[PDB]
């Protein structure tokens, strides 16, 4: 059960169990902003997972208090989880800001942390959310909360979202990863081909509609 980093060493791959792989985002310099290094290393991580079809669950996470921070001051990640053939769990133990929040919403299962901040903050900068965001937030959070989240671009603690009602488990940051592993262990009780077929079914419409409805 190995542990390696990717080419620029800002993602670490950690085999938790024979059929569970954890993708750990750890660009400490950029607090996991979408730098070119995090971008390349994440693609590599999911390319590695595609190349080794023994896994039954992916757990995507960040480090300390940062899940992902979205596009940098200078500056396709979203579809990585959606196109991965097996269930991906976004364990958002840390802040999820902008495209970093949205990216988590494309995983099959999403876990929030109570103390962390989440924001689709695009509009705070004057611009509209990617078309990827505008498509996925309503689908994962419902239409009405998506309106509010996208139009106003405000900042939400995990606890406030929890209070407003979201379908995601919301937990103390210190528990998010443990819960994600337990959940990955339960997923791994299934044959890998049943998980893939079922995922194929559940996300067909997204994979079919996302491509076009992207321009």
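Numbering follows the first chain given and starts at 1. Under this definition, the rigid core comprises the largest set of C-alpha atoms superposing within 1.5 Å between the forms.
- For the pair 59-67 and 166-174, greater average C-alpha departure from the shown form in 4 other deposited structures of this protein after core alignment is found in 59-67.
- After superposing on the rigid core, the larger RMS C-alpha deviation in 4 other deposited structures of this protein belongs to 130-138, the other candidate being whichever of 112-120 and 130-138 remains.
- Unmodelled deposited residues between residue 75 and residue 76: 10 or more, per the record.
- Between the stretches 37-45 and 181-189, it is 37-45 that shows the larger average CA temperature factor.
- With 135-143 and 76-84 compared on mean CA B-factor from the PDB entry, the stretch scoring higher is 76-84.
- Of the candidates 61, 155, 51, 152, the deposited coordinates give 51 the top C-alpha B factor.
- For the set 28, 169, 164, 173, the PDB entry puts the maximum C-alpha B factor at 28.
- Residue 122: CA B factor in the middle third of modelled residues in this chain (values from the PDB entry).
- In this PDB entry, residue 20 carries a Cα temperature factor that places it within the lowest third of its chain's modelled residues.
- Compared with the other modelled residues of the chain, the Cα B-factor recorded for residue 71 ranks in the highest third.
- Residue 99: CA B factor lies in the lowest third for its chain, per the PDB record.
- Placement of the Cα temperature factor of residue 198 within the chain: middle third of the modelled residues, per the deposited record.
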